[PDB]
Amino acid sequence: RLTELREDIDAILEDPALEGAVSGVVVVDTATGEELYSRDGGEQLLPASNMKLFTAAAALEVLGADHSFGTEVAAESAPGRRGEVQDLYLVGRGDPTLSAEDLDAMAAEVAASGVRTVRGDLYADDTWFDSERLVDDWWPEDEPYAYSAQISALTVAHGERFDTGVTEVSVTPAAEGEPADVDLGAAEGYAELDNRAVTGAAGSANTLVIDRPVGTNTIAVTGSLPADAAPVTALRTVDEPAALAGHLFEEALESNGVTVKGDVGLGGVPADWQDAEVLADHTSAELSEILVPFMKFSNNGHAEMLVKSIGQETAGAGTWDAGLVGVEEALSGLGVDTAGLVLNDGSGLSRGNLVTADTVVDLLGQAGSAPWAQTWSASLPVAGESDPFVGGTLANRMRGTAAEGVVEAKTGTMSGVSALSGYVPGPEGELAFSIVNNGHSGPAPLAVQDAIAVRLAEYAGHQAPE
């Protein structure tokens, strides 16, 4: 034993997929502190979504398991007799889990506090973070999509997954030759529609494109949708998230019995306002439980929002420059050697990132003994588990294997980058492992990742369900 593990993993790393790829592979037995397996442990590689490990362990350190985010709506005075306020300010403070149901409940409170007429304009105050929406090196072709959604203090989160800065577009088909019905979701009335899509014949080619062209707030829909096709739904981003949350809170007040007389725009509570009257407040879930949808489904928006939030705790600045340092700081303070690291964002979306595998293993050992260990461990995706909120990105992976409901790891994935790091808690020692793969030519070496992980599940003393 022990040497067998070497041959097994050595052989797994011979696949034709590893033509001209660099692969960092580090396995350590937490209990003994034994270096089970190490190959290119110090080599510097792009982590992709394994950067979320760092951002998450750091959000814990800096923000606390119990940290919650609050939204506030302000006017310059309380409503009196006539139930009239002037300008109304929707003031967000870094809430990643902010639904339209919450804006309703805040619009409910605005009415019940006595406002009936917002005589001035309704304003969106997301000044809590900087107005820098996208990291330096993200791609303009990524912009339209949930993972490249803009970063704001005031964002509307969709679904129970809390996908920020996006509206769900719906394209139901109609009759052959007729244009299809496009439904812009929450951003109805905020975003432009450029519907050029047509309903095609029955069982015909599906070539439907839902896009938002760069630097525009226009949802340009193209292509064709069959008459028989299952109605389509897809997440697209808006320009200026808070301006949408503005528009949506607009609708809420109109609904809750409040006439709004002026325009909706971006704006920060003016400095001349002395003693503001806060008409509605809200409170998110505690971070620890926000970690779940964030880590399970690999939420980018959450990652960056948390960073910039980290930049507010330590520096008073909703800024990447501010939070990234703070992140690096916390991990250092966690017992982590930051020699190998290079941080250009929270999510791992930036190609400006670098990690080594020894560094990830380093992180994992440290975080494991942290007073926040178990909610961190929990937030991580679990192998082969049908439940999305438990499976995460490992739901359809390693099913019916020694790694099923066992391996707690996190995945990292983008063009020519693939990664798996985490815990294999076995009877023969809680294993922590990292596998980082860069610059492969053909398919994703997900098979080589699972293979390693399943074998490690077996070494730990597990066996495949039958």
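Think of the rigid core as the biggest set of C-alphas that the two forms share within 1.5 Å after superposition. Note that residue numbering begins at 1 and tracks the sequence as displayed.
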- Task: Quick one: core-superposed, which stretch strays further from the shown model in 9 other deposited structures of this protein, 198 to 206 or 141 to 149? Go by RMS C-alpha distance.
- Result: 198 to 206
- Item | Comparing 170 to 178 and 291 to 299 where Cα RMS over structures and residues is taken in 9 other deposited structures of this protein (core fit), larger one | 170 to 178
- Message: Quick check: 346 to 354 versus 195 to 203, which has the larger average CA B-factor in the record?
- Response: 195 to 203
- Task: Take the C-alpha B-factors listed in the entry for 314 to 322 and for 78 to 86, compute each mean, and give the stretch with the larger one.
- Result: 78 to 86
- Query: Looking at 28, 51, 409, 417, which has the highest CA B-factor as recorded?
  - Reply: 28
- Task: Identify, among 271, 307, 383, 153, the residue whose C-alpha carries the highest B-factor in the deposited PDB entry.
- Result: 271
- Third of the chain, ranked by Cα B-factor, where residue 37 sits: highest
- C-alpha B factor of residue 441, ranked within the chain: lowest, middle or highest third? highest
- Chain-wide C-alpha B factor ranking for residue 221, given as lowest, middle or highest third: middle
- Query: What third of its chain, lowest, middle or highest, does the C-alpha temperature factor of residue 429 fall into?
  - Reply: highest
- Chain thirds by Cα B factor, record data; residue 369 belongs to the middle
